[PDB]
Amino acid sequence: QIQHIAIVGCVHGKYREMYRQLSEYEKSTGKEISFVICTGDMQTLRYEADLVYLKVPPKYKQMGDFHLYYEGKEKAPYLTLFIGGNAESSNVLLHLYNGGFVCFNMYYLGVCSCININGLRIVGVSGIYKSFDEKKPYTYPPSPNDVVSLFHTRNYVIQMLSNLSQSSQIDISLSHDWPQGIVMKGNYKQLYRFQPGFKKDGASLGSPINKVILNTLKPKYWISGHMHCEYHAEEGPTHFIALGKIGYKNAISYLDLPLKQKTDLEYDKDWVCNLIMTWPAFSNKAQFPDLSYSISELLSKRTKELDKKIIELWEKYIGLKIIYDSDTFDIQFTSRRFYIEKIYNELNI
């Protein structure tokens, strides 16, 4: 029994073209797509006003296709899980920093998170690395003065994700830019013949944040995009795969993984516990996280009986199943934070 998982590189607002090429895969091969994974640059602009938050050169200031799906004029045929890249409607993703559906069958994993589906544990890391913004907190509500910084990966995601491989392994991990140094772990001489600009960066190419997470979690697969080219490498037990952008080949590949059981999209229990136990660092809605707290220290308070109480309370107020919510993203920001605060306060710690 096999599940077929589609992995997609940069979309850049060409959703109808992506789904057309996914639909033709099913009709030409006869295989069924379980769900779709996207590595970022989604450009989930609801309407014209969201163009302010799209940090791209002037020639790429385009609405794209997402608004057709947001308005219900188009319907995504497959469940699509994605992270954020550097070309995003960054205000939308900040409202959904704890993850959420931007529209039917399109689920944003948030700034970072782990999810469950078909017996798999999938980790996502949004954004691209810039050293001068890795210590910067998020300010809320989103402001046009932060269009240049909202998509930069923060350092604190390392401490948020480092313990996720204690109970069981991670099957798939998602990042937009490559883990730093991974370029040297494949056929880099061939990559340089096709992308001569990558050679000057050497082993420093990519994100050091994603390098640390890869070495810590060591998932079965690490999938990245951003660089608009095909690449594959092996970092110990981890299969690295990079994908191009929609409109060109090597933008979509397919993982054929064993299917232990078919299961709906669910929150990862270990991630849910991390989310609740770090609430004090995120309790100030106007600026988070407050790194006067130590994320590691907050997470060191996890116990077996506390984790059991959190899942019981999470299932009560939110539920283990990740279900579609059509409230406006500012309402979902407040709603999800309301129940994280409520669960934490009922733990009495």
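So that there is no doubt, residue numbering starts at 1 and follows the sequence shown.
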property	result
Entry-level comparison of average CA B-factors, 179-187 and 97-105, reporting the higher stretch	179-187
Comparing 297-305 with 54-62, the one whose average Cα B-factor in the PDB entry is higher	297-305
Out of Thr216, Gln159, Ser126, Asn210, highest CA B-factor residue	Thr216
Per the PDB entry, maximal CA B factor within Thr153, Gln261, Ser224, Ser89	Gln261
Assigned third (lowest, middle, highest) for the C-alpha B factor of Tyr15	lowest
For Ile83, the third of its chain into which the C-alpha B factor falls	lowest
Chain-wide C-alpha B factor ranking for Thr328, given as lowest, middle or highest third	lowest
Within-chain third of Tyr192 by Cα B-factor, per the entry	highest
Ranked against its chain, the third holding the CA B-factor of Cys114	lowest
